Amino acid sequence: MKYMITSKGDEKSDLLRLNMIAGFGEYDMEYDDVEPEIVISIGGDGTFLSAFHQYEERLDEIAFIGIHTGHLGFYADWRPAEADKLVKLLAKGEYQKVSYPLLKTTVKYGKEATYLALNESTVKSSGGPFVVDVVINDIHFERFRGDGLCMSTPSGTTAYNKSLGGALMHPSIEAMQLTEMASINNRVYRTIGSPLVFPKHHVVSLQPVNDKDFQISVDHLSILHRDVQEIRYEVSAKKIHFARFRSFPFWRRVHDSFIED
């Protein structure tokens, strides 16, 4: 019943938001942006990402929906001309919910900060060279030296992960995927090169070697952390829920976005 709508803030998106609010006024639907059950995002994937983070403390109580006013988004995958048909079906309800895994990032100091990502979490150096020891379930795997690392959710595999050579994986797979950014590899320095796909309950830990200052990005929020002792990655126990009103399979979403629509 409760719902809210975020807008990219351009003219196209604000007006669509006002028309859907007016349309919702004709049903037993209450606009509440403090404890919504339905969160509608109008813009692009960036706008959907912002809506996710705005409500990340009530993920289990919310079903998300993305409307793309521009080109197709991987998250905002319904067209504005569908808005009225969307208002109807939401109002009635009785829709199915679809869940995607999320990535948990923990940053320890010398204290602890955790973040939830829908696309990916990346780490780079704050200026100096990036050198980190990569530990998988407490086993020292490799010493990474290069530009940085990117740890992706399944639904993020079509975003930054894709541009770094990562594999695309179906979002029903509870996993995370680590890809390299420009690693150095010579007689002295050696990384695996290949992307790595980790299952639930595996912990990947980055440990500093020299500099302890890192720029850490969660989705498109980039934050400089100082005095870093460890960055820990693992598939979250939390999941994001999408209201789904029709079949739009992931691989078809992939075909439409990258091959031809």
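Only the largest set of C-alpha atoms that superpose within 1.5 Å between the two forms is called the rigid core. Counting begins at 1, following the sequence as shown.
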Check: Hey, after superposing on the core, which one moves around more in 6 other deposited structures of this protein, 185 to 193 or 137 to 145, CA-wise?
Finding: 185 to 193
Margin query: If you look at the other compared entries where the surrounding residues are built, does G110 lack coordinates in a third or more?
Written below: yes
Next item on the list: Report, as yes or no, whether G46 is left without coordinates in at least one third of the other compared entries.
Entry: no
Note to self: So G110 and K111 are neighbours in the shown sequence, but is anything from the deposited sequence left out between them? Give the count as none, 1 to 3, 4 to 9, or 10 or more.
What the structure shows: 1 to 3
Check: Of 193 to 201 and 34 to 42, which one has the bigger average CA B-factor?
Finding: 34 to 42
Check: Once you work out the mean C-alpha B-factor for both 97 to 105 and 74 to 82 from the entry, which is higher?
Finding: 74 to 82
Margin query: According to the Cα B-factor stored in this entry, which of the following is highest: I136, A91, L118, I184?
Written below: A91
Next item on the list: Among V132, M151, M169, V188, single out the one with the highest C-alpha B factor in the record, please.
Entry: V188
Note to self: Ranking every modelled residue in this chain by its Cα temperature factor as given in the entry, which third contains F52?
What the structure shows: middle
Note to self: Taking only the Cα B-factors deposited for this chain, tell me whether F242 sits in the lowest, middle or highest third.
What the structure shows: middle
Next item on the list: Comparing against every modelled residue in the chain, figure out the third that the C-alpha B-factor of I223 lands in (lowest, middle or highest).
Entry: highest
Checklist line | Ranked against its chain, the third holding the CA B-factor of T69 | finding: highest
Notebook entry, point to check: If you rank the chain by CA B-factor, which third does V254 end up in: lowest, middle or highest?
Noted result: lowest
